[PDB]
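S.K.: Got a file for you: coords_36.txt, compact mmCIF, C-alpha atoms and all ligand atoms.
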```txt
# COMPACT_ATOMS: atom_id res chain seq x y z
CA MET A 1 -116.41 -33.75 -31.35
CA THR A 2 -119.21 -33.99 -28.91
CA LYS A 3 -121.89 -36.58 -29.53
CA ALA A 4 -123.45 -37.10 -26.07
CA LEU A 5 -124.58 -34.57 -23.46
CA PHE A 6 -125.14 -35.65 -19.84
CA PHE A 7 -127.20 -33.36 -17.65
CA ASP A 8 -127.77 -33.43 -13.92
CA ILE A 9 -131.30 -32.27 -13.08
CA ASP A 10 -131.41 -30.29 -9.82
CA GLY A 11 -129.40 -27.10 -9.99
CA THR A 12 -128.35 -27.89 -13.59
CA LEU A 13 -131.50 -28.18 -15.69
CA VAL A 14 -134.07 -27.25 -12.96
CA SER A 15 -133.46 -24.23 -10.77
CA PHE A 16 -133.75 -24.71 -7.03
CA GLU A 17 -134.99 -21.09 -6.84
CA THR A 18 -137.73 -21.21 -9.36
CA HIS A 19 -138.29 -24.95 -9.59
CA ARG A 20 -138.39 -24.54 -13.38
CA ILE A 21 -136.14 -25.13 -16.37
CA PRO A 22 -134.88 -21.85 -17.88
CA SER A 23 -136.43 -21.09 -21.25
CA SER A 24 -133.01 -20.74 -22.82
CA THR A 25 -132.14 -24.29 -21.66
CA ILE A 26 -135.18 -25.69 -23.46
CA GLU A 27 -134.25 -23.75 -26.59
CA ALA A 28 -130.62 -24.94 -26.39
CA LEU A 29 -131.66 -28.60 -26.06
CA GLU A 30 -134.10 -28.18 -28.97
CA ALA A 31 -131.26 -26.88 -31.11
CA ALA A 32 -128.85 -29.61 -29.99
CA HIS A 33 -131.41 -32.33 -30.64
CA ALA A 34 -131.88 -31.17 -34.25
CA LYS A 35 -128.11 -31.20 -34.75
CA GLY A 36 -128.08 -34.84 -33.64
CA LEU A 37 -126.64 -34.55 -30.13
CA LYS A 38 -127.81 -37.33 -27.86
CA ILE A 39 -129.25 -35.85 -24.67
CA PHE A 40 -129.11 -37.87 -21.47
CA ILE A 41 -130.27 -37.27 -17.90
CA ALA A 42 -127.77 -38.16 -15.16
CA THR A 43 -129.43 -37.86 -11.78
CA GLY A 44 -129.37 -39.09 -8.23
CA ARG A 45 -133.16 -39.18 -8.34
CA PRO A 46 -134.88 -42.49 -8.94
CA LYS A 47 -137.31 -42.49 -11.86
CA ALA A 48 -140.18 -42.61 -9.37
CA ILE A 49 -139.45 -39.04 -8.26
CA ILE A 50 -138.43 -37.46 -11.59
CA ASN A 51 -141.41 -35.07 -11.56
CA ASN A 52 -139.67 -31.96 -12.95
CA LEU A 53 -138.76 -32.78 -16.55
CA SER A 54 -142.11 -32.66 -18.34
CA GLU A 55 -141.10 -29.78 -20.54
CA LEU A 56 -138.25 -31.85 -21.97
CA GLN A 57 -140.16 -35.12 -21.93
CA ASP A 58 -143.21 -33.76 -23.69
CA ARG A 59 -140.86 -32.33 -26.36
CA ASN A 60 -139.30 -35.79 -26.79
CA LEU A 61 -135.81 -34.39 -26.28
CA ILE A 62 -134.31 -37.02 -23.93
CA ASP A 63 -132.57 -40.06 -25.41
CA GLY A 64 -131.84 -42.01 -22.20
CA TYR A 65 -131.58 -41.92 -18.43
CA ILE A 66 -128.93 -42.49 -15.78
CA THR A 67 -130.86 -42.62 -12.50
CA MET A 68 -129.93 -43.44 -8.90
CA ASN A 69 -126.40 -42.12 -9.50
CA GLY A 70 -125.72 -44.76 -12.17
CA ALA A 71 -127.31 -47.70 -10.37
CA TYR A 72 -130.30 -47.76 -12.75
CA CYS A 73 -129.86 -46.86 -16.40
CA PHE A 74 -132.33 -47.20 -19.28
CA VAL A 75 -132.88 -46.16 -22.88
CA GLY A 76 -136.52 -45.99 -23.86
CA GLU A 77 -138.14 -48.97 -22.14
CA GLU A 78 -134.88 -50.98 -22.08
CA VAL A 79 -132.91 -51.30 -18.84
CA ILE A 80 -129.24 -51.33 -19.86
CA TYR A 81 -127.65 -51.62 -16.40
CA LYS A 82 -128.79 -51.91 -12.80
CA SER A 83 -127.26 -52.84 -9.44
CA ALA A 84 -128.24 -53.64 -5.88
CA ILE A 85 -126.57 -52.90 -2.57
CA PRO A 86 -125.05 -55.81 -0.56
CA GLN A 87 -127.72 -56.81 1.93
CA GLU A 88 -125.35 -56.55 4.89
CA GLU A 89 -124.82 -52.88 4.05
CA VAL A 90 -128.56 -52.25 3.60
CA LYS A 91 -129.11 -53.75 7.07
CA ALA A 92 -126.29 -51.81 8.63
CA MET A 93 -127.58 -48.49 7.25
CA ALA A 94 -131.09 -49.27 8.47
CA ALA A 95 -129.74 -50.11 11.95
CA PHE A 96 -127.61 -46.98 12.04
CA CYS A 97 -130.47 -44.66 11.05
CA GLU A 98 -132.94 -46.31 13.42
CA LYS A 99 -130.51 -45.95 16.35
CA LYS A 100 -129.62 -42.38 15.48
CA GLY A 101 -133.19 -41.28 14.98
CA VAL A 102 -132.79 -40.15 11.39
CA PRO A 103 -134.96 -40.97 8.36
CA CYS A 104 -133.85 -43.02 5.37
CA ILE A 105 -135.39 -43.63 1.97
CA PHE A 106 -135.02 -47.10 0.46
CA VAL A 107 -135.44 -47.37 -3.32
CA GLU A 108 -136.25 -50.64 -5.10
CA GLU A 109 -136.64 -51.06 -8.87
CA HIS A 110 -140.40 -50.63 -8.70
CA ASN A 111 -141.10 -49.27 -5.17
CA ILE A 112 -139.87 -46.39 -3.04
CA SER A 113 -140.27 -46.19 0.75
CA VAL A 114 -139.25 -43.99 3.67
CA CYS A 115 -138.53 -45.06 7.24
CA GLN A 116 -139.36 -42.77 10.16
CA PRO A 117 -139.84 -39.65 8.05
CA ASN A 118 -139.52 -36.36 9.91
CA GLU A 119 -140.40 -32.81 9.06
CA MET A 120 -137.16 -32.40 7.07
CA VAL A 121 -138.28 -35.06 4.71
CA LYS A 122 -141.52 -32.96 4.39
CA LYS A 123 -139.72 -29.63 4.15
CA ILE A 124 -137.31 -30.69 1.47
CA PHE A 125 -138.83 -33.44 -0.63
CA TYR A 126 -142.53 -32.46 -0.43
CA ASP A 127 -142.70 -28.79 0.20
CA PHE A 128 -139.55 -27.55 -1.59
CA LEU A 129 -139.38 -30.17 -4.34
CA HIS A 130 -143.08 -31.05 -4.63
CA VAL A 131 -142.19 -34.75 -4.63
CA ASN A 132 -145.26 -36.88 -3.98
CA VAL A 133 -145.35 -38.30 -0.45
CA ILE A 134 -143.29 -41.49 -0.26
CA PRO A 135 -145.01 -44.35 1.60
CA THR A 136 -143.77 -45.17 5.05
CA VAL A 137 -142.48 -48.63 5.97
CA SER A 138 -140.63 -49.90 9.03
CA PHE A 139 -136.83 -50.12 9.07
CA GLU A 140 -137.25 -53.85 9.60
CA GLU A 141 -139.22 -54.29 6.42
CA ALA A 142 -136.96 -52.00 4.41
CA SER A 143 -133.82 -53.78 5.63
CA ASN A 144 -134.97 -56.97 3.87
CA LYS A 145 -135.68 -55.54 0.44
CA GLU A 146 -133.47 -55.65 -2.63
CA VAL A 147 -132.35 -52.06 -2.54
CA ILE A 148 -130.82 -50.13 -5.46
CA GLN A 149 -130.29 -46.83 -3.58
CA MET A 150 -130.59 -45.68 0.02
CA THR A 151 -130.95 -42.01 0.90
CA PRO A 152 -130.21 -41.36 4.58
CA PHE A 153 -130.89 -37.90 6.06
CA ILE A 154 -127.44 -37.75 7.73
CA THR A 155 -124.89 -35.03 8.33
CA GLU A 156 -121.32 -35.27 7.05
CA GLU A 157 -120.31 -36.13 10.68
CA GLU A 158 -123.00 -38.88 10.75
CA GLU A 159 -121.74 -40.07 7.36
CA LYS A 160 -118.19 -40.60 8.82
CA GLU A 161 -119.80 -42.43 11.68
CA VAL A 162 -121.74 -44.90 9.45
CA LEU A 163 -119.00 -45.32 6.81
CA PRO A 164 -117.45 -48.50 8.29
CA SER A 165 -120.77 -50.20 8.09
CA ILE A 166 -121.20 -49.44 4.33
CA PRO A 167 -117.64 -50.48 3.35
CA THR A 168 -118.21 -51.07 -0.38
CA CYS A 169 -120.85 -48.51 -1.24
CA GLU A 170 -120.53 -45.18 -3.00
CA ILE A 171 -121.96 -42.13 -1.26
CA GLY A 172 -122.56 -38.70 -2.67
CA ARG A 173 -124.72 -35.58 -2.34
CA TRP A 174 -126.72 -33.31 -4.60
CA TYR A 175 -128.30 -31.46 -1.70
CA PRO A 176 -126.69 -30.85 1.72
CA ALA A 177 -129.35 -32.41 3.93
CA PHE A 178 -129.07 -36.06 2.74
CA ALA A 179 -126.83 -38.44 0.79
CA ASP A 180 -127.41 -41.16 -1.77
CA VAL A 181 -125.79 -44.58 -1.24
CA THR A 182 -125.31 -47.05 -4.09
CA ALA A 183 -123.25 -50.20 -4.70
CA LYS A 184 -119.53 -50.36 -5.48
CA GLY A 185 -118.57 -48.23 -8.49
CA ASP A 186 -122.09 -46.94 -9.15
CA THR A 187 -121.65 -43.22 -9.77
CA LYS A 188 -122.72 -41.09 -12.71
CA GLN A 189 -119.35 -42.01 -14.34
CA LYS A 190 -120.59 -45.64 -14.52
CA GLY A 191 -123.81 -44.35 -16.04
CA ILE A 192 -121.90 -42.51 -18.77
CA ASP A 193 -119.96 -45.68 -19.56
CA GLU A 194 -123.18 -47.72 -19.87
CA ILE A 195 -124.98 -45.18 -22.06
CA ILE A 196 -122.05 -44.66 -24.45
CA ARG A 197 -121.54 -48.47 -24.69
CA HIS A 198 -125.14 -48.74 -25.84
CA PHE A 199 -124.82 -46.01 -28.50
CA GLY A 200 -121.26 -46.74 -29.73
CA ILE A 201 -120.10 -43.31 -28.54
CA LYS A 202 -116.53 -42.85 -27.34
CA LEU A 203 -115.66 -41.23 -24.04
CA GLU A 204 -113.74 -38.58 -25.99
CA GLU A 205 -117.12 -37.51 -27.49
CA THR A 206 -118.92 -36.77 -24.18
CA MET A 207 -119.84 -33.61 -22.30
CA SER A 208 -121.33 -33.45 -18.78
CA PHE A 209 -123.06 -30.68 -16.84
CA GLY A 210 -123.50 -30.49 -13.08
CA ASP A 211 -123.71 -28.44 -9.92
CA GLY A 212 -123.18 -30.90 -7.06
CA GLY A 213 -120.77 -33.20 -5.31
CA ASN A 214 -122.44 -36.24 -6.92
CA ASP A 215 -121.47 -34.77 -10.31
CA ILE A 216 -117.73 -34.58 -9.65
CA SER A 217 -116.94 -38.06 -10.99
CA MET A 218 -118.83 -37.40 -14.24
CA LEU A 219 -117.34 -33.87 -14.59
CA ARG A 220 -113.90 -35.49 -14.44
CA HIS A 221 -114.81 -38.50 -16.58
CA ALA A 222 -116.50 -36.84 -19.51
CA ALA A 223 -114.23 -35.34 -22.16
CA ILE A 224 -115.59 -31.90 -21.26
CA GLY A 225 -117.10 -31.27 -17.83
CA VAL A 226 -119.17 -28.09 -17.29
CA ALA A 227 -119.89 -26.81 -13.78
CA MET A 228 -122.78 -24.43 -13.13
CA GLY A 229 -121.77 -20.97 -12.01
CA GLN A 230 -123.30 -21.29 -8.57
CA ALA A 231 -121.63 -24.62 -7.77
CA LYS A 232 -119.26 -24.92 -4.82
CA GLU A 233 -115.55 -24.62 -5.47
CA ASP A 234 -114.73 -28.30 -5.45
CA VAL A 235 -117.38 -28.96 -8.12
CA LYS A 236 -115.96 -26.12 -10.21
CA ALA A 237 -112.45 -27.45 -9.76
CA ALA A 238 -113.52 -30.88 -11.12
CA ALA A 239 -114.85 -29.29 -14.33
CA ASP A 240 -113.02 -28.12 -17.40
CA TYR A 241 -115.28 -25.09 -17.81
CA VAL A 242 -117.39 -23.04 -15.42
CA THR A 243 -120.50 -21.53 -17.00
CA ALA A 244 -122.86 -18.83 -15.77
CA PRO A 245 -125.31 -19.50 -12.99
CA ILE A 246 -128.34 -21.60 -13.91
CA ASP A 247 -130.73 -18.64 -14.01
CA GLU A 248 -128.30 -16.55 -16.11
CA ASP A 249 -128.53 -18.88 -19.09
CA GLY A 250 -125.68 -21.09 -17.92
CA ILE A 251 -126.57 -24.17 -19.99
CA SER A 252 -127.19 -22.29 -23.22
CA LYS A 253 -124.08 -20.15 -22.82
CA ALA A 254 -121.92 -23.23 -22.29
CA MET A 255 -123.38 -25.02 -25.29
CA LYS A 256 -122.80 -21.94 -27.46
CA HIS A 257 -119.25 -21.57 -26.14
CA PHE A 258 -118.32 -25.04 -27.32
CA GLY A 259 -120.19 -24.78 -30.61
CA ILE A 260 -122.66 -27.51 -29.65
CA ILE A 261 -125.23 -25.02 -30.87
MG MG B 1 -127.59 -31.14 -8.95
```
Represent the structure of the file as structure tokens.
Ligand SMILES: [Mg+2]
M.R.:
Amino acid sequence: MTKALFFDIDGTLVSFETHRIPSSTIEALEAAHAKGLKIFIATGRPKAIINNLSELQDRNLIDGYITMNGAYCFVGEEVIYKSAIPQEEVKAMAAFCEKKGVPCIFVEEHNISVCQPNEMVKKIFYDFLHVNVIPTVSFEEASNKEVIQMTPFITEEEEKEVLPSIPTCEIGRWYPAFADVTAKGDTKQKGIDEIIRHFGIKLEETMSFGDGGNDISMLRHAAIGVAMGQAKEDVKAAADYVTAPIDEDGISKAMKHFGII
């Protein structure tokens, strides 16, 4: 039976339409918590920009975090796993984005920076997602930092063009306009493995929930993968179960279906 729940944030817990968590999702997680489910976040966001979970956090419902697509995982105050991108690949992404004229975010353990931000950074991160403005730094300075995640604002065509210069990194998307890049093997699947190692939970006892391409590995990896009803077809196909759309009680309905609650 299920012991650990892994939730993506954007499009899974938090609606892109309303920018809020559905009330029935909060009630479902309350009920699961009391039954002893462990509740984990599994997000491409770095901690620095997780500004949309206060309802869950203030209710003390979250037992641990997988952030930066698995490249930075912690339980309470304790970091249980982290990684960094090979510096050659950091440099090559910075050079690519600078030449192409596209912005890129560079995330360190305790700092976050953006290089050559444009209005699409503003339109998506600040105005749509209400993320606090990220400080600007030069590509040169960013290219020398110890980087856990890079988030280039590149198309899928630009992604194919920079792929040979990030030969070992993972790349995935939770939103079409940008991608997240992390070191070899660092996907939300890695995050699940680290969290369940910490708690003595078996893979066979896990359930994941997601809406995006960066959820596919964890939808496949968990014993039961749940795709949100509005997810694209390839996300749905990676899941075991497709629930209702987020704003039609999709999380609660899935949890009830399985008898989690
Ligand atoms: Mg998502």
S.K.: Name each residue within 6 Å of ligand MG 1 (chain B), counting only C-alpha atoms and all ligand atoms, as a PyMOL selection string.
M.R.: chain A and resi 8-12+174+210-212
S.K.: Got time to write the residues from that selection, C-alpha atoms, as a PDB file, keeping the file's coordinate frame?
M.R.:
```pdb
ATOM      1  CA  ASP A   8    -127.770 -33.430 -13.920  1.00  0.00           C
ATOM      2  CA  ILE A   9    -131.300 -32.270 -13.080  1.00  0.00           C
ATOM      3  CA  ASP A  10    -131.410 -30.290  -9.820  1.00  0.00           C
ATOM      4  CA  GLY A  11    -129.400 -27.100  -9.990  1.00  0.00           C
ATOM      5  CA  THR A  12    -128.350 -27.890 -13.590  1.00  0.00           C
ATOM      6  CA  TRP A 174    -126.720 -33.310  -4.600  1.00  0.00           C
ATOM      7  CA  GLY A 210    -123.500 -30.490 -13.080  1.00  0.00           C
ATOM      8  CA  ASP A 211    -123.710 -28.440  -9.920  1.00  0.00           C
ATOM      9  CA  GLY A 212    -123.180 -30.900  -7.060  1.00  0.00           C
TER      10      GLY A 212
END
```
S.K.: Taking into account only C-alpha atoms, which residue in the set A:204, A:186, A:193, A:98 is nearest to residue A:140?
M.R.: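 Between A:204, A:186, A:193, A:98, the residue approaching residue A:140 most closely is A:98.
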S.K.: For a quick check of understanding, using only C-alpha atoms, which of A:146, A:17, A:127, A:247 has the smallest distance to residue A:109?
M.R.: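 Nearest candidate to residue A:109 out of A:146, A:17, A:127, A:247: A:146.
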S.K.: List the spatial neighbours of residue A:124 as a ChimeraX atom specification - criterion: any atom at most 12 Å away, all atoms listed in the file, same-chain residues fewer than 4 positions off excluded.
M.R.: /A:16,117-120,128-133,153,175-178
S.K.: Applying 7 Å and only C-alpha atoms, which residues near residue A:205 remain after dropping the ones on its own chain fewer than 4 positions away? List them as a list in words.
M.R.: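 Contacts, with the query itself left out: residues 1, 2, 3, 4, 201 and 223 of chain A.
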S.K.: Mind pulling up the distance from atom CA of residue A:135 to atom CA of residue A:122?
M.R.: 12.2 Å
S.K.: Using only C-alpha atoms, which of A:165, A:144, A:149, A:116 sits nearest residue A:96?
M.R.: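 Going through A:165, A:144, A:149, A:116 one by one, the smallest distance to residue A:96 is for A:165.
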S.K.: Hey, can you check how far atom CA of residue A:102 sits from atom CA of residue A:152?
M.R.: 7.4 Å
S.K.: Counting all atoms listed in the file, what is within 9 Å of residue A:203, bar same-chain residues fewer than 4 positions away, as a list in words?
M.R.: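 Here the answer would be residues 192, 193, 196, 207, 221, 222 and 223 of chain A.
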S.K.: So which residues touch residue A:48 within 10 Å, counting all atoms listed in the file, skipping near sequence neighbours fewer than 3 positions away, as a list in words?
M.R.: residues 45, 51, 67, 107, 108, 109, 110, 111, 112, 131, 132 and 134 of chain A
